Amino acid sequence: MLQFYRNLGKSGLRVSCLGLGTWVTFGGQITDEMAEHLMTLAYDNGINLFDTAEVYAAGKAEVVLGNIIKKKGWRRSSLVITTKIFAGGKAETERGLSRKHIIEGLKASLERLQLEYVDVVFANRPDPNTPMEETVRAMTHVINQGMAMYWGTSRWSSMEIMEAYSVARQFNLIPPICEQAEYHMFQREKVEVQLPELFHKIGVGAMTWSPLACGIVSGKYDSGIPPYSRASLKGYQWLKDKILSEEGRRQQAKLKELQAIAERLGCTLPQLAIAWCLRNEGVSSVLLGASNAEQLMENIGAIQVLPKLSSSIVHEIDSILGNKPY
């Protein structure tokens, strides 16, 4: 009963239940050649959603993404391209959600992307130094300028998202259509409890990220930090610490148990985790990440796992994780 394509929240924007992101990989960990192959595989498999950000690889991720789109020549109208704005430089005025950086940042992202507009522009995170009204007016402005079709939030609290809606309705501006939130077996609270309320109240959709907790859910770290793994990359010592932390090892213990259900269902752990992220209608789309073609094809195969996630299967997983939100 799964519908591969669904509306992003209550907006009219239709997206595939699975998207492909560019964090770490594009313009960084992987070659442009591998990136091209990954996007082609995604696109050919129905995926129309591709996420990026001005900060990814200091802007190179957007460059690679734009190059592929141009080289492949896919119709712009058949793609949903999203980017996020917060950190776009070292200068004081090159970061934040001020009108100045919103406009300068998106303009610079579009130039790198070789695109006239993105379908959704996201505030990559909350800005405690900029009043909501200024931010909402700036997002509304770029949409009115044809630089984006819609806008959204990322890593914002339920209250801050409602605040953006409040400002939009008071000054007759455009409200946000989606919140890009982290969601995986070890981070469920926000997406399972809070976001559903925002959907029914103000139509906000949930586009989730890091469905494998940066690859931790794959269980490839059951025995240390494998070579070439994200956790072994430069600038990702923070990930390695989380993996080697006390809590990071307790997660591995639970994973081994989840692995049992995986093989018992005839799928891999990553496929179980990803399918798990889509088990509820509440999630509009799960943004995937992959360093090679084997991972992506495996991940996409998660769709076939959905039908096997019965009530019993879900309860067993909850008993194992032991973190089912109230």
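So that there is no doubt, residue numbering starts at 1 and follows the sequence shown.
Comparing 309 to 317 with 17 to 25, the stretch with the higher mean C-alpha B-factor in the PDB entry is 309 to 317.
In this entry, 217 to 225 has the higher mean Cα B-factor, the comparison being between 192 to 200 and 217 to 225. The entry lists C-alpha B-factors for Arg76, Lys240, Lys84, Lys107, and the highest of these is at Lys240. Per the PDB entry, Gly266 shows the highest C-alpha temperature factor of the residues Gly46, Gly66, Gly266, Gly59. For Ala275, the recorded CA B-factor ranks within the middle third of the chain. Only modelled residues enter the ranking. The PDB entry assigns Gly88 a C-alpha temperature factor belonging to the highest third of its chain's modelled residues. Annotation for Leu258: C-alpha temperature factor in the highest third relative to the rest of the modelled chain, per the entry. Among all modelled residues in its chain, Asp51 ranks in the lowest third by Cα B-factor. Per the deposited record, the Cα B-factor of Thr153 falls in the lowest third when ranked against the other modelled residues of its chain.
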